[PDB]
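First the structure, in the form of structure tokens, and then the observations on it.
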Amino acid sequence: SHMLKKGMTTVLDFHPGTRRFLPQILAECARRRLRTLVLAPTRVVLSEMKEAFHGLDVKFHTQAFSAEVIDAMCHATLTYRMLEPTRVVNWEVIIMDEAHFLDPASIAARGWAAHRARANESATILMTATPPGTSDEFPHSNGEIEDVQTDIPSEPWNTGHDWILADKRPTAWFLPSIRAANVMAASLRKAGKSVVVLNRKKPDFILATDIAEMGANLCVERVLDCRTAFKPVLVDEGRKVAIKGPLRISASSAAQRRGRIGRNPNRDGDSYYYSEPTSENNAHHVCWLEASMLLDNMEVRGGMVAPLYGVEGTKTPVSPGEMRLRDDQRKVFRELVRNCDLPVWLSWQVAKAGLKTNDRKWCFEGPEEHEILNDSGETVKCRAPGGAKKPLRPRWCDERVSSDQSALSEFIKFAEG
């Protein structure tokens with residue numbers, strides 16, 4: 001009942017299925033004239049807020065926050081302004097929608113918002129059906145759900161899975177990779193089905209690798225779940241970032257994938273098919289340390305140190321405050337992540353070293369074991385600073401910059417300029 005009181009932290013575990021409650025809690029924020037911050041996990045959810053808030057006086061920051069008692073923005077848009085030594089904003093209420101996403105900016109924002117609550121500067125409200133620290137693969141739903149443990153193919157099949165296409169309800173299918181989704185998509189369309197592939201009108205199939213691109217608009221009665229995903233994992237005693245998979249997903253991630261169906265109280269019998277078990281052993285995933293780096297470098301009133309939120313403090317391998325940088329170090333760290341589209345972990349390695357954004361030498365002073373290949377198997381090479389064609393070796397290896405042709409291409413454009 002004291003949601004909007006400074007010092008209060010409140011988790012709201014509404015059944016899935018932004019359009020009803022959030023407009024109301026913002027209204028009382030307006031009547032109380034409390035400076036409110038509304039955080040969204042994705043640009044999709046942020047756009048749905050624009051429609052849901054049309055009768056409200058809310059400032060949306062769809063690109064930057066460089067300047068109305070309610071502010072609405074994405075987690076990343078908040079994290080990156082906090083990386084600058086700038087004017088602190090006394091947000092008295094902080095509301096986070098879908099406070100369960102596990103990208104580093106989302107995690108660090110939870111610890112940031114949770115810190116302002118403990119510091120008595122803000123009231124913090126987290127909204128998610130799967131709060132952090134919950135590990136239940138089958139939580140409550142509005143309508144009853146049919147759970148089925150069964151073998152689900154990852155590649156197209158010519159025998160033994162009649163039940164998939166024999167069901168006619170609109171279906172969402174979570175697959176390990178976009179490559180698998182694209183391959184599967186063509187095989188389902190040659191089978192006569194309508195397919196839509198979500199990536200960076202009702203189809204018979206919607207294929208995606210996560211729930212990030214899915215708004216509340218999506219209408220689906222059945223979910224197939226490979227329950228796997230590739231992840232950026234820390235390897236080699238934590239001095240390299242490698243991509244590994246297909247790995248198991250956590251119980252909350254499977255609960256969120258399953259949460260796409262069962263949203264109607266009137267409709268029972270929605271079906272969720274899965275095979276793989278889940279796993280919570282993910283402390284070696286790089287996103288926790290990347291969340292620490294970000295949070296241990298976001299501006300806070302008083303310059304104080306904050307741990308990650310709740311159970312997410314157990315997952316990070318460092319200790320609160322450990323990844324803080326000097327301001328001159330940090331501005332390269334902020335500039336490299338924001339405008340050069342480089343992984344958070346890698347950008348922190350250059351800032352701890354002391355190099356500068358326009359200097360691209362570190363792309364070259366690396367050992368040959370750090371050399372990057374291509375899809376055809378050859379070793380790529382590009383222009384070093386000064387026009388010298390010198391070989392491409394990162395001083396710190398982060399396999400995210402060479403995961404596909406699109407990655408190392410744009411990583412080369414970073415090396416050349």
Side-chain angles (χ1 to χ4, degrees), residues 15-19 41-48 50-52 98 101 129 138 141-230 245-246 249 253-276 404-406:
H15 290 171
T18 300
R19 295 182 182 178
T42 48
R43 320 290 158 156
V44 173
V45 165
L46 189 62
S47 291
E48 308 197 79
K50 222 152 174 173
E51 311 296 286
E98 303 289 72
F101 273 83
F138 313 98
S141 53
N142 286 326
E144 295 181 356
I145 295 181
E146 172 191 358
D147 302 314
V148 177
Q149 163 222 326
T150 185
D151 266 24
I152 316 174
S154 42
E155 43 178 40
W157 68 103
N158 54 42
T159 171
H161 303 101
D162 308 336
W163 61 271
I164 295 178
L165 311 109
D167 196 328
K168 296 291 154 289
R169 302 166 291 169
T171 292
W173 193 337
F174 297 94
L175 292 145
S177 54
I178 293 112
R179 184 265 282 155
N182 282 327
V183 168
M184 179 71 74
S187 197
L188 304 176
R189 274 188 283 253
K190 93 196 177 195
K193 299 289 182 175
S194 173
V195 176
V196 169
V197 182
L198 279 195
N199 171 88
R200 265 280 197 83
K201 174 198 54 177
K202 180 154 300 176
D204 303 275
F205 278 100
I206 301 183
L207 315 182
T209 66
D210 57 4
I211 36 79
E213 325 91 329
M214 302 183 174
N217 45 264
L218 275 190
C219 204
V220 153
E221 298 186 50
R222 174 177 62 157
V223 167
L224 307 194
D225 197 347
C226 77
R227 277 203 175 177
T228 54
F230 291 75
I249 65 180
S253 307
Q256 291 287 344
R257 287 149 165 239
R258 174 190 193 255
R260 305 308 310 185
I261 52 100
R263 279 153 185 248
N264 193 326
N266 301 327
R267 195 195 330 124
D268 291 330
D270 287 349
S271 308
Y272 173 74
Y273 300 83
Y274 73 98
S275 173
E276 277 295 305
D404 49 56
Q405 167 54 222
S406 317

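All residue numbers refer to positions in the sequence shown, counting from 1. Computed over heavy atoms, backbone and side chain alike; hydrogens, waters and symmetry mates excluded.
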So, the side chain of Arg189 versus the backbone of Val195: is there a donor-acceptor pair under 3.5 Å, distance only?
yes
I'd like to check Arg227 versus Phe174 (side-chain heavy atoms, cut-off strictly below 4.5 Å). Are they in contact?
no
Please report the closest heavy-atom contact between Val197 and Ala181, naming both atoms and the distance.
CG1-CB, 4.1 Å
In Å, rounded to the nearest 0.5 Å, how long is the span from CD1 of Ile164 to CG of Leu224?
6.0 Å
Considering all heavy atoms, the nearest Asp151-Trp163 contact
O-CZ2, 3.9 Å
For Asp210 and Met214 the tightest heavy-atom approach is O-CE, 4.1 Å
Walk me through whether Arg263 and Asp270 qualify under salt bridge (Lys or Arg N to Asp or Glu O under 4.0 Å).
CA-CA 9 Å; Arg263 279 153 185 248; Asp270 287 349; over 6 Å; no
What's the spacing between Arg257 CZ and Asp225 CG if we round to 0.5 Å?
4.5 Å
Between CZ on residue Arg258 and CG on residue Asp147, distance to nearest 0.5 Å:
4.0 Å
Exceeds 12 heavy-atom contacts within 6.0 angstrom, atom CD of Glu146
yes
Using 30° and 60° as the class limits, which term best fits the ring planes of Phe138 and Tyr274: parallel, tilted or perpendicular?
tilted
What is the distance from atom CG of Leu175 to atom CG of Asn182, rounded to the nearest 0.5 Å?
10.0 Å
For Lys202 and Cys219, the nearest pair of non-hydrogen atoms, with its separation, is NZ-SG, 3.1 Å
Is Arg19 paired with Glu48 through a side-chain N to carboxylate O contact shorter than 4.0 Å?
yes
State, with a plain yes or no, whether a side-chain heavy atom of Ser271 is found less than 4.5 Å away from one of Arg169.
yes
Any side-chain heavy atom of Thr42 sitting closer than 4.5 Å to one from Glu98?
no
Do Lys190 and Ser187 have side-chain N/O donor and acceptor atoms under 3.5 Å apart?
yes
Do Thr171 and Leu188 touch side chain to side chain, with heavy atoms closer than 4.5 Å?
no
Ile152 and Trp173, any side-chain heavy atoms less than 4.5 Å apart:
yes
Quick one: are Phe230 and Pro246 in side-chain contact, heavy atoms under 4.5 Å?
yes
Quick check against the 3.5 Å criterion: does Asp268 have a side-chain atom that pairs as donor or acceptor with the backbone of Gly143?
no
To the nearest 0.5 Å, what is the distance between NZ (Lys201) and OG (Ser194)?
9.0 Å
Identify the two heavy atoms, one from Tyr272 and one from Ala254, that lie closest to each other, and give their separation to 0.1 Å.
OH-O, 3.6 Å
Counting only heavy atoms not in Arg179, do more than 12 sit closer than 6.0 Å to its CZ atom?
no
To the nearest 0.5 Å, how far apart are CG in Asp204 and CG in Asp167?
10.5 Å
Between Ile211 and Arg260, is there a side-chain heavy-atom distance shorter than 4.5 Å?
yes
Please determine whether side chain to side chain contact (heavy atoms under 4.5 Å, CB included) holds for the pair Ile178 and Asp404, giving the CA-CA distance in whole Å, both sets of side-chain angles, and the decisive distance to 0.1 Å.
CA-CA 11 Å; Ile178 293 112; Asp404 49 56; over 6 Å; no
Evaluate the side-chain proximity of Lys168 to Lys193: yes if any heavy-atom separation is below 4.5 Å, no if none is.
yes
To check you understand the geometry: which heavy-atom pair defines the closest contact between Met184 and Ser154, and what is its length?
CE-O, 3.4 Å
